[PDB]
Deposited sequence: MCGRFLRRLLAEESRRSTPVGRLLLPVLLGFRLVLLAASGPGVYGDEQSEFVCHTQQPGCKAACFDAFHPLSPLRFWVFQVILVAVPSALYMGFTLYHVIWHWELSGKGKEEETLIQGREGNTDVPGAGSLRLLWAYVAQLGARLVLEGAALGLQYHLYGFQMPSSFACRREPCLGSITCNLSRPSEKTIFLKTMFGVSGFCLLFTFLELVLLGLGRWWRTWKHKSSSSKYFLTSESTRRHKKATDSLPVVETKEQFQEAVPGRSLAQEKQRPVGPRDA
């Protein structure tokens, strides 16, 4: 109902600044729409785009497995669903609070909702920071055009060629930047609540 949805939206964002109320939800929606609309077109065919110059049985599959143990499409899907877990717990906690206080009326509980809001921002700051570090460790900042392989069952060292290294590099840097701004604005919303006044005190 409108009267109910209108009271729920005012309670979920009563102790937030505009950074947490407007800017963060739009940035996270931007990231998801970009991944769903453009992701499969850039990285979906990476296996048939990895051509090695050989005919020995089993050497091609051994070299591709050593180059990419995990696809970026699978990495990014895990990041967006894990980062959504603290927000879904907080929104469910807020819904049951509004239900079990409507029948009563329709302080001690207002201070419980603030501690839950600080806890999910802190968890999102830790999860977002670990993901950026893993992305740099797994993929770097560029996709090369060739790759040298000396994995068994290959005889000697073989050269393999990759397709579309420019478009894949452009998409990798864009995702780093979009996630980097999500981390900065999560950190800033904790400062405007008083993270500074807690550290040195």
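Mapping the modelled residues onto the deposited sequence reveals missing stretches at 1, 108-126, 222-279.
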